[PDB]
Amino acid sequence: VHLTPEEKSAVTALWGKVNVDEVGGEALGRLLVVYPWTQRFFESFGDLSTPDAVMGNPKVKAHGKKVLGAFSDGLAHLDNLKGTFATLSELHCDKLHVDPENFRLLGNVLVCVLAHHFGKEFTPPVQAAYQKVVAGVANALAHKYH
């Protein structure tokens, strides 16, 4: 990732309004609903049979806050994502076997959640800057596969 001071400032500014506790659960639950093959990594979380089953699932919600916490930390360390995600990359690639494409899907779901939450404040250059970050994060997490 290479953001201009203006992109970075825009990015960190909007992120500060984010209720991660909330956005985390919405992003992960929407991933499971929209791209249903992703449910396979979470088959032990219980009932993932209906959109309601997914969205209010306590394990889904709890996990999404975790994922989002890691994301916030990538945002503060844009200069060393590879470093920052070093151990998470070994976990996902080596142990979990998460397809790199799935990281791209969650990135896109997150963008859509931000749009949904911020409406108007989520401008084209803000979306463009967010796309660069999510691609950057996806890249750092699939690191162990490169």
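Position 1 is the first residue in the sequence shown; the rest follow in order.
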Ranked by mean Cα B-factor in the entry, 57 to 65 and 102 to 110, top stretch is 57 to 65
Looking only at CA atoms, which has the higher mean B factor in the entry: 75 to 83 or 26 to 34?
-> 75 to 83
Sort the modelled residues of this chain by their C-alpha B factor and say whether residue 117 lands in the lowest, middle or highest third.
-> highest
Record-listed C-alpha B factor of residue 91: chain third | lowest
Position of residue 128 among the chain's modelled residues by C-alpha B-factor, lowest, middle or highest third = lowest
Thinking about Cα B factors across the chain, which third does residue 10 belong to?
-> highest
Third of the chain's Cα B-factor distribution that residue 140 belongs to, per the entry = middle
